[PDB]
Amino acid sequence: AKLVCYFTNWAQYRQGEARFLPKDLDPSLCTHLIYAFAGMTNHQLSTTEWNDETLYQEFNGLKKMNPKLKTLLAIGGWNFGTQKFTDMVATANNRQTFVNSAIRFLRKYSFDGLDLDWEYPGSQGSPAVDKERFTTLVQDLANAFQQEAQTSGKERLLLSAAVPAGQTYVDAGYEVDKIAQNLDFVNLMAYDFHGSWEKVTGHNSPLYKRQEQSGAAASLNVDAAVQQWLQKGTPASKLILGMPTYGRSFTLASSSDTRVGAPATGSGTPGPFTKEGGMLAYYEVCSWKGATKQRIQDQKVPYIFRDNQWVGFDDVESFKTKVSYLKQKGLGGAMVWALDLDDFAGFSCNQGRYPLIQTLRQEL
């Protein structure tokens, strides 16, 4: 089984003990470590932070402690948008330039592969034709990586992609069967199902639907996302179940109405370290002393509330449940976003270092 873990290069800017650098990484924890995020300039893979060249060397240098570890560099992300991808995949010359730059960039810094995180082809402003151009990009990369390993004598570069769980986004941008044949693995982003953009509370990553949900809403859960990718053509062994080490928060309209589905007036207060209203790292959820914890029985996940604040998140128990689920489905493993949001130095939760991700390592 694979345990794919994402590192983010902006976590190094958080305050105090929340600051995260490659030295905070445990090389033995995961099977694959993915570096988020590289960007694109003139159709070529590029760095995004002042010290990326040093961080890349430190990150890949972890393989000197664990040679079995595979590292990948992720390009894109939610904030990256779609314009640069659309433009890059539109012509054979742009695709060639990007592919050749990817090979040179990855070899230069000792990465073992590339993780595509285009969010998303066929949506967010990207035309419907990008569904087919995304396929061509995946094929071009897989082909170029295959040939380069043969000419260089080095281990073949890996190709993975982070993909959406929402049925509407899957149908709009992915020829699932085709890309699954050329990707080494698929990192299913089975989270962000509900959030503060809604007027009601809802869990970020529920395993199953609530009895009360039907229609399109009945597909806003991990199980539905998984079934969709498998039914559409993804071999089970290539489907990696993504799990969040963060939760999504809400400000309740009333501290007396605290159920999942209760009215909400907006995002929950920003975390003192993550500072993005609407989400909280697991270590920020751990500091909620005096809060009431509840388990959503239908969905197998927890949430906590204190006064008018409500947050749906994942804990050791829900991670154990999800691993039990993925094993029963025969999935290739688990993926986690992100290392720097787990209690990576065991400071906040008194559950040791990486309580959530260590749980994945042990259960898998």
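Don't overthink the numbering: it's just position in the shown sequence, from 1.
Higher mean CA B-factor, judged across 200 to 208 and 165 to 173 from the recorded values: 165 to 173. When the mean C-alpha temperature factors of 143 to 151 and 213 to 221 are read from the deposited coordinates, 213 to 221 comes out higher.
Highest CA B-factor among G77, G113, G271, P235, as stated in the entry: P235. In this entry, the residue among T97, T292, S249, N187 with the greatest C-alpha B factor is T292. The deposited CA B-factor of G330 belongs to the highest third of values across its chain. Per-chain ranking of the deposited C-alpha B factor places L72 in the lowest third. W288 sits in the highest third of its chain by CA B factor, as recorded in the PDB entry. Among the modelled residues of its chain, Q124 has a C-alpha B-factor that falls in the highest third, as given in the PDB entry. Among all modelled residues in this chain, the alpha-carbon of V260 has a temperature factor (C-alpha) in the highest third.
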